[PDB]
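K.L.:
In the deposited numbering, the protein residues as written are 56 to 114, 118 to 191. We put the CB at the ideal spot given by N, CA and C, even for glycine.
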Ligand SMILES: Nc1ncnc2c1ncn2[C@@H]1O[C@H](COP(=O)(O)O)[C@@H](O)[C@H]1O
């Protein structure tokens, strides 16, 4: 949850459930599927939301990552592929990463998030759960 309204991702998040496993994709992979989007526009980044829990007298949420098309979201101005903590860049090999994706953001009610799905052959990062799946 957010005490500051986030930029809305077109897609459901990917949640870490095993500590220690790194968030990664093979180069050319990792852009979630949206109907009608040309592969030339399949470029962007996953952004890590660190989550924080409140203290109890019991006994820790792990991060959840959200996808943003290139030139959108909280890192809209950062260059593709730049080392930034909490940003993981992904792109189809059809995409030119020197230009922002031609994709207006999501919301209001207008559209709900698309459950995150990847094409056959995608190496899925172990230790992460794709929300919606
Ligand atoms: N920065 C964000 N933080 C939390 N939720 C977001 C964010 N951007 C968009 N959303 C939408 O809120 C829902 C949470 O994602 P998920 O719970 O993993 O299914 C998703 O449908 C998101 O796309």
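#1: Could you say which of 99, 180, 69, 153 lies nearest to residue 121 if we only look at CA atoms?
#2: So what does DSSP say about residue 85, is it helix, strand or coil?
#3: If you draw a straight line from the C-alpha of residue 116 to the C-alpha of residue 189, how long is it?
#4: Can you list, in chain order, the residues of its chain with a C-beta nearer than 6 Å to that of residue 187? Leave out the 5 residues immediately preceding and following it.
#5: Would you tell me roughly how many angstroms separate the C-alpha atoms of residue 191 and residue 181, rounded to the nearest one?
#6: Just reading off the beta strand (DSSP E) that residue 99 is part of, what are its end residues?
#7: Can you list every residue whose CB sits closer than 5 Å to some heavy atom of ligand 1, going in chain order?
#8: I believe residue 155 touches residue 84 by the beta-carbon criterion, under 8 Å. Please report the beta-carbon distance rounded to the nearest angstrom.
#9: Candidates 110, 151, 159, 142: which alpha carbon is nearest residue 92's?
#10: Under 8 Å, do residue 123 and residue 176 count as touching if we go by C-beta distance?
#11: In this structure, how does DSSP classify residue 111 when only helix, strand and coil are distinguished?
#12: Return the first residue and the last residue of the beta strand (DSSP E) that residue 145 is part of.
P.N.:
On the basis of the coordinates in this document:
#1: 69
#2: Assigned with DSSP and collapsed to three states, residue 85 falls in coil, not helix or strand.
#3: Within the chain, residue numbering steps from 114 directly to 118, and residue 116 belongs to the interval with no atoms modelled.
#4: 70, 72
#5: 16 Å
#6: For residue 99, the enclosing beta strand (DSSP E) covers residues 98-104.
#7: 61, 63, 64, 67, 68, 124, 171, 189
#8: 14 Å between Cβ atoms; not a contact.
#9: 159
#10: no
#11: Three-state result, residue 111: coil.
#12: 145-149
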